[PDB]
Amino acid sequence: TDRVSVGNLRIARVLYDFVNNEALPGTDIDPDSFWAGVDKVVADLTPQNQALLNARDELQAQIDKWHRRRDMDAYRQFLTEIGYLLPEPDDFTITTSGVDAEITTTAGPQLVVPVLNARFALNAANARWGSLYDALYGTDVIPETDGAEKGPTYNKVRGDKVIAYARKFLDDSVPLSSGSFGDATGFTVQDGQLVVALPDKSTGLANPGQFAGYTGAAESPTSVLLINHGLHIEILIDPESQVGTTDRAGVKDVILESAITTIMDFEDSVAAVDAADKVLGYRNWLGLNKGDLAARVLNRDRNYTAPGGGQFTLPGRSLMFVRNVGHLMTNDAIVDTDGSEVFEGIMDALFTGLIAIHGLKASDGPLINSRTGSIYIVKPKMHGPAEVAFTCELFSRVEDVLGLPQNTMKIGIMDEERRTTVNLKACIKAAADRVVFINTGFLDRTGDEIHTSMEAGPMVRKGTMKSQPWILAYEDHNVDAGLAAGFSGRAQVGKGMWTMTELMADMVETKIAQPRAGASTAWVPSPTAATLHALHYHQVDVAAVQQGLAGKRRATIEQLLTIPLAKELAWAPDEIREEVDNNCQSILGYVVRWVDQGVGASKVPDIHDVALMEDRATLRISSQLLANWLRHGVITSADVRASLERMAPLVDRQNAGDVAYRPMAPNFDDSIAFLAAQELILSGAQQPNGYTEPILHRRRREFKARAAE
Ligand SMILES: O=C(O)/C=C\Sc1ccccc1
Ligand SMILES: [Mg+2]
């Protein structure tokens, strides 16, 4: 047992103790009133939560039947008739208030990190200011060509390339009145303005307003602060340093404001299947909000002198969101009298919201998240406006339990399910006074696309999906809906993760497409990645881009509804086989770390040994594609078995560097991980909206139980 009785609820003792001892003290909430509200909110909202999941089922059955016995006009008309495609509401503007500047105004990189990893969470929180020299020297952005490779010790030829890259950036972002930063010799602050000594005549900024401050003596600054497109750049001056001595102006480093916000993830990047796991997560979220999390500690605020003369302070930390789990799953951290597990989304709202109160107070711990008095919650995997409204009502009720003013808890709406995509305007409307972002992505949305039209026929390959008509319309449609609902100057419009964590030259070259499309934020896989992607927001004036796009409708419903069916016999046998192996090793590589080790986010080599940093949604797309090919006779169940068999020892070799790893091959049926992977495929077509959590959670729980005996 080991549970506590609170009305109809039976709470895991480890959760009960954590909340009473760690979470509640200092919030001024009566403990007995807190738990009374938990029981009340759970009893009150559970039936509607269940009603909504049943409605997903009802709609998908109808669509399944439609396809089995079968143009856009009939299809569209059908979706409208069944309650899937809802009417578009009249124009409106969001009324969200109490929102920090990092979100309403500033455009820049956004980091996403598993909350259960204290070390990563700390680095993410501290990633708001990152070294441009480290990011350039340490990655392939500066070509590792002959003579410029990074060896065991510092290479000066490589470093001199790092320095020129940075000077080229400075010229491009904060131009001098005449000449370049490349030829500078010194920096002084004379009568409130920045003076750059060149080797002949000195010069000022072409736009004097880009000078934001300095440190050290005004006559010999230890650093110079600049600003461009709302993001700070800091030039550190120190000829008495490893790098500065070679620098013809004494510049030690260039620091960029990078990850201006971070999402602390409880959902797809973590493996948390029971009370003990949820508490580890909650404890870290609590450490972050208190400002006392340590593993390595949290950065404190940064002090500067204003150009005129007075002292000011800039936040030393990423502004934090938390991503709660979605509406589907239950978790036995709380069960009812009958033994039935409570919905995890309801619990996340209550517990992560309580904890977040600590981030709005200084002692007791030392640090603050939101100055403006908001709590930021990302809600994933919502399907349409009724599900958005339910979330907003959940937050309203939690706010009541916690004694917060209404609309304290803001919502970040992930557009990652088809029924949200096609009803986007109504979804934003349903959250008009709470919404602080919308964003798109590849993995979950493509998995939902596949599952929704499972019965329509064979889908194109996973690589091909990235450039299909439906997904390009999807991306444009999301921005369009945001801007037209007033997001510019008010709420973030965000795009998806760059997964290839080692291919930084490739990221810098191509991810710039995202701000060019009017996204004020985009996801990056690491602090180093945040620093490099920040370069893009200096080249692109996102605010100006968004102003350009307002009033334009770039996507039609037809384009959105365009199912990615393959053309008649698109593939040769070898291409069919490559795709199967690709998807089988995608599944195995991720599942083996999840089930065996409880790791939901890590650098995982793919079939071409490219390091990818993906979350659980990689399981959704890969298992759905294989289920689809199996459903329509593209491949056979023997083909799947054979592929899983071939790829397993390949995955084993990929995990050679791991101490705790236990190999799947040659004995597959003895491996819960392998069996989990096989089940995800063969049972894929039957999972609700193709979600993988039901199978995954069961298999990890099975692993944890066997390991206890
Ligand atoms: O990859 C990371 O840095 C952490 C996991 S979150 C995520 C990864 C891939 C796509 C979307 C989200
Ligand atoms: Mg997702």
Side-chain angles (χ1 to χ4, degrees), residues 109-117 119-125 127 258-259 261-272 281 318 321-329 345 378-383 412-418 420-421 437-451 462 465-466 471 474 478 494-504 507 511 514 521-533 586 589-590 593-594 599-606 610-624 689-693 696:
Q110 181 171 77
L111 201 40
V112 177
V113 72
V115 73
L116 272 68
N117 190 314
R119 286 180 119 75
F120 295 2
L122 285 169
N123 286 349
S258 311
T261 63
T262 288
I263 298 170
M264 298 301 174
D265 197 21
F266 277 83
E267 199 224 16
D268 273 4
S269 58
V270 301
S318 219
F321 287 73
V322 61
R323 181 161 78 171
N324 284 16
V325 299
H327 298 322
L328 181 62
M329 294 294 287
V378 181
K379 194 69 173 178
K381 291 177 174 59
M382 289 180 294
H383 295 243
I413 300 166
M414 325 231 81
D415 174 4
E416 56 179 357
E417 305 288 345
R418 195 163 177 265
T420 289
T421 296
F437 80 59
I438 64 185
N439 90 325
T440 56
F442 175 55
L443 264 18
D444 268 323
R445 180 66 180 77
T446 301
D448 195 49
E449 188 68 30
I450 295 170
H451 189 81
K462 181 166 69 180
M465 285 290 185
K466 293 176 302 195
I471 202 178
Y474 157 70
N478 186 274
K495 293 190 196 286
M497 173 74 64
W498 179 272
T499 63
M500 279 136 303
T501 193
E502 301 307 296
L503 303 184
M504 293 294 96
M507 196 196 64
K511 199 175 171 57
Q514 287 175 331
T521 195
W523 288 1
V524 286
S526 65
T528 289
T531 298
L532 295 175
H533 180 40
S586 281
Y590 187 84
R593 274 125 102 144
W594 212 98
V599 170
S602 58
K603 311 179 194 180
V604 178
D606 73 347
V610 180
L612 307 169
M613 248 276 201
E614 316 170 301
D615 66 5
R616 180 163 52 194
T618 190
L619 258 32
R620 187 162 177 221
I621 179 174
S622 290
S623 69
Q624 286 305 293
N689 302 102
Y691 288 132
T692 63
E693 305 94 304
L696 259 192

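Counting starts at 1 for both ligands and their atoms, following the listed order. All residue numbers in this chain count up from 1 along the given sequence. Note that these values count all heavy atoms, side chains included, but never hydrogens, waters or copies made by symmetry.
Screening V112, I263, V322 against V378 for a side-chain contact (heavy atoms from CB on, under 4.5 Å) leaves a single residue, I263. Considering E417, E449, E416 in turn, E417 is the only one that fulfils the salt bridge (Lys or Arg N to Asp or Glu O under 4.0 Å) rule with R620. Looking at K462, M465, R418 one by one, the single match for side-chain contact (heavy atoms from CB on, under 4.5 Å) with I450 turns out to be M465.
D444 contributes atom OD2 as its closest N/O/S atom to the Mg ion (ligand 2). Minimum-distance N/O/S atom of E416 relative to the Mg ion (ligand 2): OE1.
Of the charged side-chain nitrogens involved, at least one lies within less than 4.0 Å of a carboxylate oxygen, so that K381 and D268 count as a salt-bridged pair. The existence of a salt bridge linking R616 and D444 is excluded, since no basic side-chain nitrogen approaches an acidic carboxylate oxygen closer than 4.0 Å.
Going from atom OH of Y474 over to atom OG1 of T446 covers 7.5 Å, rounded to the nearest 0.5 Å.
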Distances under 3.5 Å, N/O of ligand 1 against N/O of the protein: list each pair and its distance.
from: ligand 1; atom 1: 1 (O); to: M613; atom 2: O; distance (Å): 2.8
from: ligand 1; atom 1: 3 (O); to: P525; atom 2: O; distance (Å): 3.0

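Residue-environment remark: CZ (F442) exceeds the threshold of 12 foreign heavy atoms within 6.0 Å.
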